[PDB]
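As structure tokens, the structure follows; a few thoughts come after it.
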Amino acid sequence: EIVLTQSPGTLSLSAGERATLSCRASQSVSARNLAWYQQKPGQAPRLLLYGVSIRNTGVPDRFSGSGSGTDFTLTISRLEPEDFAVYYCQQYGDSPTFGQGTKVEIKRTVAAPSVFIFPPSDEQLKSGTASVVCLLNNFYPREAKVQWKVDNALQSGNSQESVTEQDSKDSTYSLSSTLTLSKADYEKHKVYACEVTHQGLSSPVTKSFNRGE
Amino acid sequence: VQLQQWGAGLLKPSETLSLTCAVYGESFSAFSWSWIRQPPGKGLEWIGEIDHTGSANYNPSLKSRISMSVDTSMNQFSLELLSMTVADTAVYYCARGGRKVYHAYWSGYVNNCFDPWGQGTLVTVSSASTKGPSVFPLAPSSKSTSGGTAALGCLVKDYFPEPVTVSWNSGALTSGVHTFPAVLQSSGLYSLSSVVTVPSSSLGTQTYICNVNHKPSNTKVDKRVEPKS
């Protein structure tokens, strides 16, 4: 019955800045029956504030809550990299409902990825499939390109990549790309190369290996 | 106060979902207990709650589909969701709610804000059968290196459904660990990789083992990762 709208949808701020999160209700929220939750990747939401302005146990003093009636606000005075998460407001004046959430992202200086390449295991080769993995470690920002070159031949359509969320400590991303080959095709070629293009790199970096060397 | 939950996880379409949450905290009587669900990459949705009395209130939208029950003898409460659809694919959470207060002229929930929560249970609605993962090592080069750091990992291949929990040395090392979100392969089986960056010197001296657990297939795997030499 009570609908909660959160603004903004996405918030991008540098460290040390103050963040203002808005919550708007379709109807008045009785008394001060409002709560804020912080949800980090791969984790259950944690109660941040209840009763509009009451700090939950274990919550840093930089978090503050205010507002009444139709308008509520959550404010983070001095942002930290660990404060990267999604934030939900909840009313419990009536039957419990949630806001759609406001994602808070961290801005930082450009960082170049550290690149590692991994051969498929001998154990996996018995399965008749070869997986070659390329790791891109701790780079900002996100836009990155990975090239698979097998014996000087560019590979398309046989790879997939996966990116982590912003790191809790350093606000950086990490990426994994897996090149999938059959055992048969994998044994045919010698040189497997991973080529990374990124903003932090002045020139593309290439990591490679020779099969059976 | 601790909350453990266990559930079917994988369900064919139109079947009922049954999840159970166990409260080890004590004070079972004190508070109402709620179920809350979150479909992947979306918002939280409150399903319903119940008291050891067994009185319960449900979300009006999900009405006629929700049952909740209480086992006071074992300090447990359960959720029943009828006729599951791919629409209902989500992570279902145990949570401690507000108190259920009985007064002279009014009966209600007060302070219905959720804390603490359970780790959650990812429920997948599909006709496809379950399958355990294969765990392969991502070996370090063993090269001289010009850099202190080295990277090693595990490749968890071909499993269904989500999720997989990966740890390193039983949680002894957590620093510099990255477990990537699973990718949906063409085969229709999930795959993921978990890596950790360590000092190059520790490669020879320190043992590295990733601990892969796949609950739906009850597979627990420990794989030693050492340089290829």
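Each chain of the structure tokens is named A, B, ... in the order shown, its residues numbered from 1; ligands are numbered from 1 in display order.
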
Taking the DSSP secondary structure from the backbone, can you list the residues of stretch 53-86 of chain A that are strand (DSSP E or B), as a VMD selection string?
chain A and resid 54 to 55 63 to 76 85 to 86

Keeping N, CA, C and O atoms, export the residues of the selection given above as a compact mmCIF listing (two decimals), in the first residue's frame.
```
# COMPACT_ATOMS: atom_id res chain seq x y z
N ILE A 54 18.22 6.40 14.53
CA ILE A 54 18.93 5.63 15.55
C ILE A 54 19.96 4.70 14.92
O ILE A 54 19.63 3.85 14.08
N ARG A 55 21.21 4.86 15.34
CA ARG A 55 22.32 4.07 14.82
C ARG A 55 22.27 2.64 15.35
O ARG A 55 22.15 2.42 16.55
N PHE A 63 27.46 7.79 9.56
CA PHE A 63 26.11 7.56 9.06
C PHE A 63 25.05 8.28 9.89
O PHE A 63 25.04 8.18 11.12
N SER A 64 24.16 8.99 9.21
CA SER A 64 23.12 9.77 9.89
C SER A 64 21.81 9.72 9.12
O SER A 64 21.79 9.62 7.89
N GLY A 65 20.70 9.81 9.85
CA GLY A 65 19.38 9.75 9.26
C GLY A 65 18.47 10.87 9.73
O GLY A 65 18.52 11.26 10.90
N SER A 66 17.64 11.38 8.83
CA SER A 66 16.72 12.46 9.17
C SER A 66 15.47 12.42 8.30
O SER A 66 15.40 11.68 7.32
N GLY A 67 14.48 13.23 8.66
CA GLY A 67 13.27 13.36 7.87
C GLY A 67 12.04 12.88 8.61
O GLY A 67 12.14 12.26 9.67
N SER A 68 10.87 13.18 8.05
CA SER A 68 9.60 12.73 8.60
C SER A 68 8.50 12.91 7.56
O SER A 68 8.69 13.61 6.57
N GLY A 69 7.35 12.28 7.80
CA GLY A 69 6.22 12.44 6.91
C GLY A 69 6.45 11.81 5.55
O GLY A 69 6.51 10.59 5.42
N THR A 70 6.56 12.65 4.52
CA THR A 70 6.76 12.17 3.16
C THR A 70 8.24 12.02 2.80
O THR A 70 8.60 11.21 1.94
N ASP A 71 9.10 12.80 3.45
CA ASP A 71 10.50 12.87 3.06
C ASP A 71 11.48 12.35 4.12
O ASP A 71 11.43 12.77 5.28
N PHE A 72 12.36 11.45 3.71
CA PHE A 72 13.40 10.91 4.59
C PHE A 72 14.75 10.97 3.90
O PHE A 72 14.83 10.94 2.67
N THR A 73 15.83 11.06 4.68
CA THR A 73 17.16 11.23 4.11
C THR A 73 18.25 10.51 4.90
O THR A 73 18.32 10.61 6.13
N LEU A 74 19.10 9.78 4.18
CA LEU A 74 20.28 9.17 4.78
C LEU A 74 21.54 9.89 4.29
O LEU A 74 21.72 10.10 3.09
N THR A 75 22.40 10.27 5.23
CA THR A 75 23.58 11.06 4.90
C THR A 75 24.87 10.44 5.43
O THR A 75 25.00 10.16 6.63
N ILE A 76 25.83 10.23 4.54
CA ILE A 76 27.16 9.76 4.92
C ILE A 76 28.13 10.92 4.86
O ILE A 76 28.42 11.44 3.79
N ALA A 85 28.30 0.02 -1.56
CA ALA A 85 27.21 -0.94 -1.40
C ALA A 85 25.92 -0.41 -2.01
O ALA A 85 25.90 0.64 -2.64
N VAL A 86 24.84 -1.16 -1.83
CA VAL A 86 23.51 -0.70 -2.22
C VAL A 86 22.72 -0.41 -0.95
O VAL A 86 22.80 -1.15 0.02
```

Selection near residue A:172, 7 Å with only C-alpha atoms, sequence-local residues under 6 positions removed, as an MDAnalysis selection string:
chainID A and resid 138:140 166

Sort by chain and increasing residue number a table of all residues of chain A within 8 Å of chain B, each with its closest pair of atoms and their distance in Å to one decimal, counting only C-alpha atoms, and write it as a tab-separated table.
```
residue	atom	partner	partner_atom	distance
A:33	CA	B:111	CA	7.0
A:35	CA	B:113	CA	6.6
A:43	CA	B:119	CA	7.1
A:44	CA	B:119	CA	6.0
A:45	CA	B:117	CA	7.3
A:46	CA	B:115	CA	7.1
A:47	CA	B:115	CA	6.0
A:50	CA	B:113	CA	7.1
A:90	CA	B:113	CA	7.8
A:92	CA	B:112	CA	5.3
A:95	CA	B:59	CA	7.7
A:96	CA	B:46	CA	6.5
A:97	CA	B:46	CA	6.5
A:98	CA	B:44	CA	6.4
A:99	CA	B:43	CA	7.4
A:100	CA	B:43	CA	5.3
A:101	CA	B:43	CA	6.4
A:116	CA	B:151	CA	6.9
A:118	CA	B:138	CA	5.9
A:119	CA	B:138	CA	7.3
A:120	CA	B:138	CA	7.5
A:121	CA	B:137	CA	6.5
A:123	CA	B:136	CA	7.0
A:124	CA	B:136	CA	6.6
A:160	CA	B:183	CA	7.5
A:161	CA	B:183	CA	7.6
A:162	CA	B:180	CA	6.1
A:163	CA	B:180	CA	6.4
A:164	CA	B:180	CA	5.6
A:174	CA	B:178	CA	7.6
A:175	CA	B:180	CA	7.7
A:176	CA	B:180	CA	7.2
```

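Rounded to one decimal, atom CA of residue B:145 and atom CA of residue B:208 lie 18.8 Å from each other.
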
Skipping near chain neighbours, those fewer than 6 positions away, what residues fall within 8 Å of residue B:124 using only C-alpha atoms, listed as an NGL selection string?
:B and (9-11 or 86 or 89-90 or 161-162)

What would the file look like if the residues just selected were written as a compact mmCIF listing (two decimals), in the first residue's frame with N, CA, C and O atoms?
```
# COMPACT_ATOMS: atom_id res chain seq x y z
N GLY B 9 16.27 -25.48 -2.84
CA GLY B 9 17.11 -24.79 -3.79
C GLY B 9 16.72 -24.92 -5.25
O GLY B 9 16.62 -23.92 -5.95
N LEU B 10 16.52 -26.14 -5.72
CA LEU B 10 16.15 -26.36 -7.11
C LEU B 10 14.73 -26.90 -7.22
O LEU B 10 14.38 -27.85 -6.54
N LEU B 11 13.92 -26.27 -8.06
CA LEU B 11 12.52 -26.68 -8.18
C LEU B 11 12.02 -26.62 -9.61
O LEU B 11 12.33 -25.69 -10.36
N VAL B 86 9.43 -19.11 -12.81
CA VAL B 86 10.74 -18.48 -13.00
C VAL B 86 10.73 -17.05 -12.46
O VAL B 86 11.78 -16.51 -12.09
N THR B 89 12.17 -16.88 -8.94
CA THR B 89 13.59 -17.14 -8.72
C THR B 89 14.22 -15.97 -7.97
O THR B 89 14.20 -14.83 -8.44
N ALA B 90 14.76 -16.26 -6.79
CA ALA B 90 15.29 -15.23 -5.91
C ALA B 90 16.15 -15.82 -4.81
O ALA B 90 16.30 -17.04 -4.71
N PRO B 161 22.44 -26.23 -9.91
CA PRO B 161 22.41 -24.80 -10.26
C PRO B 161 23.36 -23.99 -9.39
O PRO B 161 24.22 -24.56 -8.72
N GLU B 162 23.19 -22.67 -9.41
CA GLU B 162 23.87 -21.79 -8.48
C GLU B 162 23.38 -22.12 -7.07
O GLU B 162 22.27 -22.63 -6.91
```

Can you tell me, as a ChimeraX atom specification, which residues in stretch 87-173 of chain A count as helix (DSSP H, G or I) by DSSP?
/A:122-125

Once you have the residues from the selection above, write them out as a PDB file, in the first residue's frame, restricted to N, CA, C and O atoms.
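Below you can see result19.pdb, which holds the result:
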```pdb
ATOM      1  N   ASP A 122      46.378 -30.838 -16.525  1.00  0.00           N
ATOM      2  CA  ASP A 122      46.435 -32.177 -17.102  1.00  0.00           C
ATOM      3  C   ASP A 122      45.203 -32.979 -16.709  1.00  0.00           C
ATOM      4  O   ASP A 122      44.746 -33.841 -17.459  1.00  0.00           O
ATOM      5  N   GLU A 123      44.670 -32.682 -15.527  1.00  0.00           N
ATOM      6  CA  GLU A 123      43.468 -33.340 -15.030  1.00  0.00           C
ATOM      7  C   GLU A 123      42.268 -33.041 -15.923  1.00  0.00           C
ATOM      8  O   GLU A 123      41.487 -33.936 -16.253  1.00  0.00           O
ATOM      9  N   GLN A 124      42.129 -31.778 -16.308  1.00  0.00           N
ATOM     10  CA  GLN A 124      41.020 -31.347 -17.152  1.00  0.00           C
ATOM     11  C   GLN A 124      41.121 -31.918 -18.561  1.00  0.00           C
ATOM     12  O   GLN A 124      40.108 -32.194 -19.201  1.00  0.00           O
ATOM     13  N   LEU A 125      42.346 -32.093 -19.042  1.00  0.00           N
ATOM     14  CA  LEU A 125      42.561 -32.581 -20.399  1.00  0.00           C
ATOM     15  C   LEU A 125      42.007 -33.990 -20.604  1.00  0.00           C
ATOM     16  O   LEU A 125      41.653 -34.371 -21.719  1.00  0.00           O
TER      17      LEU A 125
END
```

Any idea what's packed within 10 Å of residue A:62, counting only C-alpha atoms, ignoring anything in its chain fewer than 6 positions away? Could you give it as a ChimeraX atom specification?
/A:18,75-80

So that I have them on file, write out the residues from the current selection with C-alpha atoms, as a PDB file, in the first residue's frame.
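This went into result-v1.pdb:
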```pdb
ATOM      1  CA  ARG A  18      29.448  13.563   1.681  1.00  0.00           C
ATOM      2  CA  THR A  75      23.583  11.060   4.899  1.00  0.00           C
ATOM      3  CA  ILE A  76      27.155   9.758   4.923  1.00  0.00           C
ATOM      4  CA  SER A  77      29.460  12.540   6.132  1.00  0.00           C
ATOM      5  CA  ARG A  78      32.866  11.193   5.053  1.00  0.00           C
ATOM      6  CA  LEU A  79      32.804   8.385   2.479  1.00  0.00           C
ATOM      7  CA  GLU A  80      35.037   5.305   2.726  1.00  0.00           C
TER       8      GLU A  80
END
```

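The protein and nucleic acid residues lying at most 9 Å from residue B:203 are residues 140, 142, 150, 198, 199, 200, 206, 207, 208, 226 and 227 of chain B, with only C-alpha atoms considered and sequence neighbours fewer than 3 positions away removed.
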
Contacts of residue A:112 within 10 Å, only C-alpha atoms, excl. fewer than 2 positions in-chain, as a count of residues only
16

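Here atom CA of residue B:18 is placed at a distance of 6.7 Å from atom CA of residue B:81.
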
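When the distance limit is 6 Å and only C-alpha atoms are what count, the residues near residue A:181, minus those fewer than 4 positions from it on the same chain, are residues 129, 130 and 186 of chain A.
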